[PDB]
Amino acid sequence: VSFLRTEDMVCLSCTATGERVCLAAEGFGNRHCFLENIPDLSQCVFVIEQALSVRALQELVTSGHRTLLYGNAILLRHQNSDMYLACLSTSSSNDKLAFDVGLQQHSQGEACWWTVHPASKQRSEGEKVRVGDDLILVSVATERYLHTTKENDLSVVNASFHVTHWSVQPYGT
């Protein structure tokens, strides 16, 4: 029916212990991402600011109203905070092999870029991303999946070598 585009406003959602949740962030404090179970969800809103071939991404690190192709690297701006969904440098509590995921105060480097990949055989690289598709998000910097799981039953969010499927839902009409 409909295709993901740059400048679109979205929530990222997954199923955590049966429940539906969205990837949320605050913009102050530690700025670590977190999950809110689903006007009253503003911190769960990201803007797809840029999408590029990884060739272009690597070119730039040394757009428009454009449609997302699987394999694209995308730049996700947190609306409230004007910051960017990023892979952090510090390691996750309860998995030494994961990285924390939070907000980075600027849009520089690779830690704020995520490649998009099919969460099923029903799609292949280079195809248009459809609203409603389930996504796999791989950090460009640390080659880990944006991933969600629990520790002492508390759904946490990190970048690790285990995969989560995310569903990109549009915000607003």
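From 1 onward, residues are counted along the sequence shown.
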* **Chain break class for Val54 to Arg55, judged by how many deposited residues have no coordinates** => none
* To do: Using none, 1 to 3, 4 to 9 or 10 or more, say how many deposited residues go missing between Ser124 and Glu125.
  => none
* Which is higher on average in the deposited entry, the C-alpha temperature factors of 156-164 or of 17-25? -> 17-25
* **108-116 versus 26-34 - greater average Cα B-factor per the deposited record** => 26-34
* Structure fact -> In this crystal structure's PDB entry, the residue among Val61, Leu69, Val47, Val140 with the greatest CA B factor is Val61
* In terms of the chain's CA B-factor thirds, is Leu75 lowest, middle or highest? -> lowest
* Sort the modelled residues of this chain by their C-alpha B factor and say whether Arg144 lands in the lowest, middle or highest third. => lowest
* Structure fact -> Binned into thirds over the chain's modelled residues, the C-alpha B-factor of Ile136 lands in the lowest
* Third assignment of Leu97 from its chain's C-alpha B-factors -> highest
